[PDB]
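Undergrad: Below is one structure. I have some questions about it.
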Ligand SMILES: [Fe+3]
């Protein structure tokens, strides 16, 4: 976690690991330039913040929405770390086990959840993120302890709310997709879900989320 000599964390696969769906070129820019830059700038800004955790810096700098200078950088480092963990070579398909059950419990069906997640991703105007998060007051009316789809602008993530545990994200900043899809953000989102998403990753987060909100 902490901001010592913090370094950029590589994705959990080689930069060509997601070919042909997300290009090596996209990885090289998105991770090697954008993500790297957030890391470098955060380190320059980070001070009373020195040696604090990424998440602590994020929640404090959000400042109820009147954000402090380190917020954008800290939140984007975390968001991109999380984003790389959300995908895998040979990803896609459907979740299983408790994640699938909960998704069916809260959205009726996986397909309904998929459509809701894709619409959130598609309609976030400008730069930002779409999320699947576990909503639980014990994290911080009885509904409560359930999955939600949320879209957020710019660097904002569900950690700043809170009572939300992020489970899945898709980056909808144009740099995430422009080299591969240009304007076609819906096709990108669709392909992300069909081919890239690591349901194993999302399931692990859900276990952590349930443990934390018990
Ligand atoms: Fe990005």
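Residue numbers (full-length UniProt numbering): 21 to 66, 69 to 162, 172 to 245.
In this text, a Cβ means the ideal position worked out from N, Cα and C, and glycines have one as well.
For residue 186, which of 41, 105, 123 and 175 has the nearest alpha-carbon?
TA: Here the question's residue 186 lines up with position 155 in the chain shown. Looking at the Cα atoms, 105 is the closest of the given residues.
Undergrad: DSSP has residue 183 in a bridge; who is on the other side?
TA: Residue numbering aside, residue 183 sits at position 152 when the chain shown is read from its first letter. The partner list for residue 183 (beta bridge, DSSP) reads 151.
Undergrad: Please work out which residues of its chain come closer than 7 Å, Cβ to Cβ, to residue 159, disregarding the five sequence neighbours upstream and downstream, and give them in chain order.
TA: Reading the chain shown from its first residue, position 137 is the one you call residue 159. 175 and 194, listed in sequence order.
Undergrad: Short check: CB of residue 113 to CB of residue 227, under 7 Å?
TA: Stepping through the chain shown from its first residue, residue 113 is reached at position 91. Stepping through the chain shown from its first residue, residue 227 is reached at position 196. In contact: residue 113 and residue 227 (Cβ atoms closer than 7 Å).
Undergrad: Nearest-angstrom Cα distance between residue 31 and residue 46?
TA: Counting from one through the chain shown, the residue named residue 31 turns up at place 11. Counting from one through the chain shown, the residue named residue 46 turns up at place 26. Taking the straight line from one Cα to the other gives about 13 Å.
Undergrad: Residue 43 and residue 210 look like a contact to me (Cβ under 8 Å); what is the Cβ gap, rounded to whole Å?
TA: Here residue 43 corresponds to residue number 23 of the chain shown, with the count starting at 1. Here residue 210 corresponds to residue number 179 of the chain shown, with the count starting at 1. The pair is a contact, with the Cβ atoms about 6 Å apart (cut-off 8 Å).
Undergrad: If you measure from the CB of residue 51, is any heavy atom of ligand 1 nearer than 6 Å?
TA: For this step, residue 51 is matched to residue 31 along the chain shown. Outside the cutoff, so no.
Undergrad: Do residue 203 and residue 143 come within 7 Å of each other at the CB atom, strictly closer than that value?
TA: Taking the chain shown and counting its residues from 1, the one referred to as residue 143 is at position 121. Taking the chain shown and counting its residues from 1, the one referred to as residue 203 is at position 172. The answer is yes: Cβ separation under 7 Å.
Undergrad: Are there three or more Cβ pairs, one per stretch, closer than 8 Å when the stretch 74-86 is compared with the stretch 225-239?
TA: They do not touch, by the three-pair rule.
Undergrad: Check residue 156 in the structure and name its three-state DSSP category.
TA: On the chain shown, position 134 is the one that residue 156 refers to. In this structure, residue 156 counts as strand in the three-state DSSP scheme.
Undergrad: Does DSSP put residue 202 in a helix, in a strand, or in coil?
TA: Taking the first residue of the chain shown as 1, we reach residue 202 at position 171. The answer is strand: DSSP assigns residue 202 an E or B state.
Undergrad: Going by DSSP, which residues form a beta bridge with residue 228?
TA: On the chain shown, position 197 is the one that residue 228 refers to. BP columns for residue 228 point to 109.
Undergrad: Is it buried or exposed, residue 243, if we count other Cβ atoms within 10 angstroms and call 16 or more buried?
TA: Walking along the chain shown from the start, residue 243 turns up at place 212. Its Cβ having fewer than 16 others within 10 Å, residue 243 is exposed.
Undergrad: Return the bridge partner residues of residue 116 from the DSSP annotation.
TA: As a first step, residue 116 must be located in the chain shown, where it is residue number 94. DSSP output for residue 116 lists no bridge partner at all.
Undergrad: Note down, one range per segment and in chain order, each beta strand (DSSP E) of at least 3 residues found wholly within the stretch 37-63.
TA: Within the stretch 37-63, no complete beta strand (DSSP E) run reaches 3 residues.
Undergrad: Which residue's Cα is closest to the Cα of residue 221: 25, 110, 61 and 41?
TA: As a first step, residue 221 is located in the chain shown; it is residue number 190 there, counting from the start. Of 25, 110, 61 and 41, the residue nearest in Cα terms is 41.
Undergrad: Hey, how far is the Cα of residue 56 from the Cα of residue 28?
TA: Position 36 of the chain shown, counting from 1, holds the residue named residue 56. Position 8 of the chain shown, counting from 1, holds the residue named residue 28. Answer to the nearest angstrom: the Cα atoms are 6 Å apart.
Undergrad: Hey, could you find the ends of the alpha helix (DSSP H) residue 139 is sitting in?
TA: As a first step, residue 139 is located in the chain shown; it is residue number 117 there, counting from the start. Where residue 139 is concerned, the enclosing alpha helix (DSSP H) stretches over 132-145.
Undergrad: Quickly, what does DSSP pair residue 32 with across the bridge? List them, please.
TA: On the chain shown, position 12 is the one that residue 32 refers to. BP columns for residue 32 are empty, so no partner.
Undergrad: Please name the residue in 98, 69 and 60 whose C-alpha comes closest to that of residue 77.
TA: Stepping through the chain shown from its first residue, residue 77 is reached at position 55. That would be 98, whose Cα lies nearest to the Cα of residue 77.
Undergrad: In the DSSP assignment, what residue or residues form a beta bridge with residue 177?
TA: If you number the chain shown from 1, residue 177 lands on position 146. 157.
Undergrad: Helix, strand or coil for residue 189 per DSSP?
TA: For the purposes of this step, residue 189 is taken as residue 158 along the chain shown, with counting starting at 1. Residue state, collapsed to three classes: helix.
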